[PDB]
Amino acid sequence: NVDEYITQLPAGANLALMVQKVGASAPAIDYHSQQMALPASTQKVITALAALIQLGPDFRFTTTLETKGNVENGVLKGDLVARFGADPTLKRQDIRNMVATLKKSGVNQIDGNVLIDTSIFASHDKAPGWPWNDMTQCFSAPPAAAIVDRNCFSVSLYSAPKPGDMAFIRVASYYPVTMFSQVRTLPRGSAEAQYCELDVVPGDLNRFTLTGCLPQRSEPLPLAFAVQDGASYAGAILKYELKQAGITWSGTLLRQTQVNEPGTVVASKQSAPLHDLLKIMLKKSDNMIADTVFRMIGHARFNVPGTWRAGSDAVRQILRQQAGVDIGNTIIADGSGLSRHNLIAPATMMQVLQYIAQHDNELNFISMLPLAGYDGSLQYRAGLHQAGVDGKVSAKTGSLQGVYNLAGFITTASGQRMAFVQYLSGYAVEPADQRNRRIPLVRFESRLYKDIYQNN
């Protein structure tokens, strides 16, 4: 009763839906299944499959400290190279530990430069089609080769005691960022409060200026921002840890972007295995893992510095050649599904899902998807809970402004496993319902998945 369920959805919402028994050639439900749609985070299903095929479940991201030169009386005669490898999980502590190791190896002094090597990747750290306005939010932090603590930092914004005085920014001293406040404090219920925005404006070298207005508050406003220049940020952390460890240097911090022969690895850190990271990515919808993986795929397949375009070409090739899926006129712009350039039909995603199901005993893939009523994004998906399908749906959510997708598998009343793709976009509510916007979605899903479960 797809058309009737659509009446639950806001005026003009667009649904493309396909449901199909695993291993069957014909769908049980086909509503606009050929129509292109924004996949949002369902794109991560494709990223996870292509990653497992190209890189394998045991791949690990790697970061190293390398020396190029002889060490004489504790003095490295040459450069220290910190070779970043797009590990989305690298932490300040890992840098501290690698420096401790460098020290313990006998290096007290560097007679040369400290090089921040990001040559594993090239071109922009932002995919085409990402909205500019989200770039300072942590969920959209540029997934660069140099990442430390997700390239996200927090700040506290304090209103001034006196109205008209600048609001005050508190930030932990260890973060190599520079914060400036041009935020005017307003009276508690002021005229300017309506249309005066509070904005973050990023500048070079990880400078941030906050601008606009802040109404007086009793509590500081917590804010978290994305680092725009990961290489500089990682360099500054490395510089700090070297100094704390008592290692001096005569040169400067420089970026190294061009491919080069590795020196002697003196310290290293490897991530958890790729399967573990893909699990986090799928359960929690982790954009940074998705997009580091995505540019890694292109780098590994074509033996070139990883770019968005190489990633896209690689994923298309892997799907066609290894998974037997010709994605045709599909557009793949990134790994996370953040890009508004991604375009894919339910029928194409269905072929991907059918491949995964057929090879699930090899891939151990379905266990990584959120299980309705248990974990990840579907721990409490109201429509699925109310449909009676908790524990019966393993699926990836995909949400962006105007988009509420689901793609995955459902075990129905007969015990039949069905792959399904729900692509719902053009979703908008009227201004007076914007912070209550999800109730129509719940109504729709409660009905559809009860229908699918009961009748199959």
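When you see a residue number, it is the position in the sequence shown, counting from 1. Take the two forms, superpose them, and find the largest set of C-alpha atoms that agree within 1.5 Å; that set is the rigid core.
Participant: Would you say which of 381 to 389 and 354 to 362 moves more relative to the shown form in 5 other deposited structures of this protein, going by RMS C-alpha distance with the core superposed?
Facilitator: Looking at 354 to 362 and 381 to 389 in 5 other deposited structures of this protein, the bigger mover is 381 to 389.
Participant: After a rigid core fit, does 213 to 221 or 96 to 104 show more C-alpha displacement in 5 other deposited structures of this protein?
Facilitator: Farther from the shown form on average in 5 other deposited structures of this protein: 213 to 221.
Participant: Other compared entries: residue 430 unbuilt in at least a third?
Facilitator: Yes.
Participant: Averaging the C-alpha B factors as listed in the entry, name the stretch that ends up higher: 257 to 265 or 367 to 375.
Facilitator: 257 to 265 has the higher mean C-alpha B-factor.
Participant: Would you mind comparing 210 to 218 and 295 to 303 for me and telling me which has the higher average C-alpha temperature factor in the entry?
Facilitator: The stretch with the larger average C-alpha B-factor is 210 to 218.
Participant: Pick out which of 351, 140, 185, 118 has the highest C-alpha B-factor in the PDB entry.
Facilitator: Spelled out: the listed residue with the top C-alpha B-factor is 185.
Participant: With respect to the C-alpha temperature factors reported in the PDB entry, which of 145, 227, 166, 282 ranks highest?
Facilitator: Within the set 145, 227, 166, 282, 166 shows the top C-alpha B-factor.
Participant: Splitting the chain's C-alpha B-factors into thirds, which one does residue 136 fall into?
Facilitator: Lowest third, going by the recorded CA B-factors of the chain.
Participant: Among the chain's modelled residues, which third holds the C-alpha B-factor of residue 290?
Facilitator: It falls in the bottom third of the chain.
Participant: Could you place residue 53 in the lowest, middle or highest third of its chain by Cα temperature factor, using the values in the record?
Facilitator: According to the entry, residue 53 has a C-alpha B-factor in the chain's middle third.
Participant: Please place residue 270 in the lowest, middle or highest third of its chain by C-alpha B factor as given in the entry.
Facilitator: Middle third by C-alpha B-factor.
Participant: Comparing against every modelled residue in the chain, figure out the third that the C-alpha B-factor of residue 386 lands in (lowest, middle or highest).
Facilitator: According to the entry, residue 386 has a C-alpha B-factor in the chain's highest third.
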